[PDB]
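Chains as they are written, first to last, in UniProt numbering: chain D, 71 to 139; chain Z, 488 to 533; chain P, 29 to 191, 208 to 249, 294 to 300, 311 to 365, 372 to 539.
What follows is a single structure, written as structure tokens, with notes after it.
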């Protein structure tokens with residue numbers, strides 16, 4: 071379960087090359103809360119589709135708060 | 488937030504800017520990796 | 029007390045299905061397997077899960093072969109066969125507690141298997157094999173659930189016009221493909237200097297194209323194309339394509355062991377067209393950039409041919425997502441009401457075994473396991489197999505309208521090899537080791 075976070079930064083290191091540490095903290099805290107959902111009788115499948123849409127709108131709300139050169 | 492003083496700070500006037508490809512790809516890779524760890528639902532040991 | 033072995037074969041086979049069931053469907057859960065070398069892997073394909081289980085118990089050893097038997101007959105729904113056999117034995121324990129013999133249960137399932145295919149026949153929609161448009165829709169629909177689903181619309185028709209070997213190399217892309225009437229190899233013609241030969245005769249070791311340092315130089319004086327480093331898999335196909343035979347001795351080289359070809363050149373693959381021999385063969389040229397892409401490209405077409413083979417034997421189509429399974433679980437409950445003896449209670453237990461497939465897909469789809477199957481029973485009683493489980497959207501929808509289809513042979517073979525294997529377990533009284 072830890073090696074997933076090792077390859078997490080390797081792909082971020084080649085394309086962007088910065089802020090790879092903050093990528094591991096976001097995913098680390100998401101699973102702490104996601105496991106709490108499973109403790110509340112929530113299947114992981116519904117959590118995956120909800121996270122993908124939360125990530126979809128996250129890029130949109132960023133684009134609606136961008137600044138140009 | 489002003490990291491040197493510990494207060495709020497207007498980044499448009501202070502100049503704390505960041506690229507678009509940083510915050511966007513970080514949230515995608517962090518969400519995609521967490522889906523992988525949570526997609527795992529078994530443990531086999533030989 | 030012979031119950032000591034019949035109870036163990038069930039619990040041994042029950043543990044295999046209880047684990048792999050979570051990987052059911054495209055939206056199934058992955059797994060974390062630890063190999064003996066120390067490294068691990070993350071994969072949901074059930075064929076690789078049980079292949080690495082390294083089972084020892086005889087009851088579980090039969091389930092590994094049960095999955096391999098479905099891979100040859102139908103080629104789809106590999107995990108669905110182990111789950112049915114796992115759920116059937118789970119119900120058999122309820123029967124043995126009542127005082128029923130295992131042999132009584134075997135012949136009772138013969139009636140459930142007989143009436144099981146009948147329920148699928150009335151609901152299935154026959155189709156025309158010659159209509160390639162139906163061959164393309166039936167093939168491209170199921171191909172969307174594979175790994176390479178974006179390039180499925182272009183790999184499907186390459187299997188239509190060919191119906208078969210698949211050549212693959214690095215470089216290029218997946219979209220470009222070409223059907224070769226003759227044969228193509230993954231080797232080169234080195235160290236020959238001609239590389240283009242008309243009026244070619246082939247003979248596996294007059295003969296201008298040799299398919300096998312001093313021998314490299316002498317064979318070039320007579321202007322003979324030297325092609326070496328050929329594995330055995332190509333020897334079985336070239337013989338049927340162009341009509342060649344092997345020559346294991348220099349004296350055995352004669353005219354009766356050669357072939358013919360109108361063209362044999364290296365356009372680096374050896375495009376050899378114009379077989380001019382009686383036979384039925386074809387080779388598909390596939391391209392790709394990375395090595396992991398071409399390996400999955402072969403499985404995309406090879407799994408596509410399994411659907412074409414399913415339509416030839418069974419020219420019929422059925423709804424997906426456990427849609428016909430609800431009709432199988434409901435209609436068998438009604439047939440048991442008219443039966444007598446120990447067959448009624450056994451046909452009833454055979455129907456409850458199929459109720460777990462849509463309940464498990466409801467689990468892997470995030471829906472409630474109970475409310476999903478309980479609502480579909482009335483939708484099929486009053487309606488038909490149109491409504492079912494849609495895993496793409498995560499809800500109940502019309503499977504025929506959602507563009508999800510599977511052939512009749514996949515669901516039929518999954519139940520025949522499964523029920524026959526359970527009867528093999530019921531016919532076991534005890535096991536002893538020999539030497």
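Note that the Cβ used here is the ideal one computed from N, Cα and C, for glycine as well.
Can you confirm whether the stretch 521-535 of chain P touches the stretch 96-114 of chain P when touching is taken to mean that 3 or more C-beta pairs between the two stretches lie within less than 8 Å?
yes
Does the CB of residue 527(Z) have a neighbour CB from chain P at under 8 Å?
yes
If you measure beta-carbon to beta-carbon, which residues of the stretch 499-515 of chain Z are closer than 9 Å to chain D?
499, 504, 505, 506, 507, 508, 509, 510, 511, 512, 513, 514, 515
Beta carbon of residue 116(P) nearer than 8 Å to that of residue 95(P):
no
Mind listing the chain D neighbours of residue 531(Z)? Cutoff is C-beta to C-beta under 9 Å, in chain order.
Result: empty, since nearest Cβ-Cβ is about 14 Å, beyond 9 Å.
Which term fits residue 511(P), buried or exposed, when burial requires 16 or more other beta carbons within 10 angstroms of its beta carbon?
buried
For residue 92(D), which residues in chain Z fall below 7 Å Cβ to Cβ?
513
Quick one: is residue 119(P) buried, meaning 16 or more other Cβ sit within 10 Å of its Cβ, or exposed?
buried
I want to see whether chain Z comes within less than 8 Å of residue 76(D), judged by CB atoms only; does it?
no
Beta carbon proximity, residue 311(P) to chain Z, threshold 8 Å
no
Can you tell me which of 101(P), 179(P), 360(P), 245(P) puts its alpha carbon nearest to the alpha carbon of residue 392(P)?
179(P)
Hey, does residue 469(P) have any beta-carbon neighbour from chain D nearer than 8 Å?
yes
Would you say residue 55(P) reaches chain D, if we count a Cβ-Cβ gap shorter than 8 Å as a contact?
yes
According to DSSP, is residue 131(P) part of a helix, a strand, or is it coil?
helix
Considering only residues of the same chain and omitting the five flanking positions on each side of residue 326(P), which have a CB-CB separation below 7 Å?
300
Going by DSSP in three states, residue 45(P) sits in which element: helix, strand or coil?
helix
In angstroms, rounded to a whole number, what distance separates the CA positions of residue 387(P) and residue 130(D)?
47 Å
Taking 8 Å as the threshold (C-beta atoms), are residue 509(P) and residue 169(P) in contact?
yes
So for residue 242(P), helix, strand or coil by DSSP?
strand
I'd like to know whether the C-beta atoms of residue 348(P) and residue 321(P) end up nearer to each other than 8 Å.
no
Along chain D, which residues have their Cβ under 9 Å away from the Cβ of residue 498(P)?
115, 116, 119
As assigned by DSSP and simplified to three states, the class of residue 391(P):
strand
Using the C-alpha atoms, what's the distance from residue 527(P) back to residue 123(P)?
14 Å
Under 9 Å by beta carbon: chain Z residues contacting residue 59(P):
527, 528, 529, 530, 531
Runs of 4 residues minimum, wholly inside the stretch 419-501 of chain P: which ones carry the alpha helix (DSSP H) assignment?
427-441, 447-458, 460-468, 473-486
Could you spell out the range, first to last residue, of the beta strand (DSSP E) harbouring residue 209(P)?
209-214
Please tell me whether residue 72(D) and residue 94(D) are closer than 8 Å, where the distance is taken between their beta carbons.
no
Residue 150(P): buried (16+ other C-beta within 10 angstroms of its C-beta) or exposed?
exposed
Do residue 377(P) and residue 361(P) come within 8 Å of each other at the CB atom, strictly closer than that value?
yes
Whether residue 75(P) touches residue 41(P) by CB criterion (8 Å):
no
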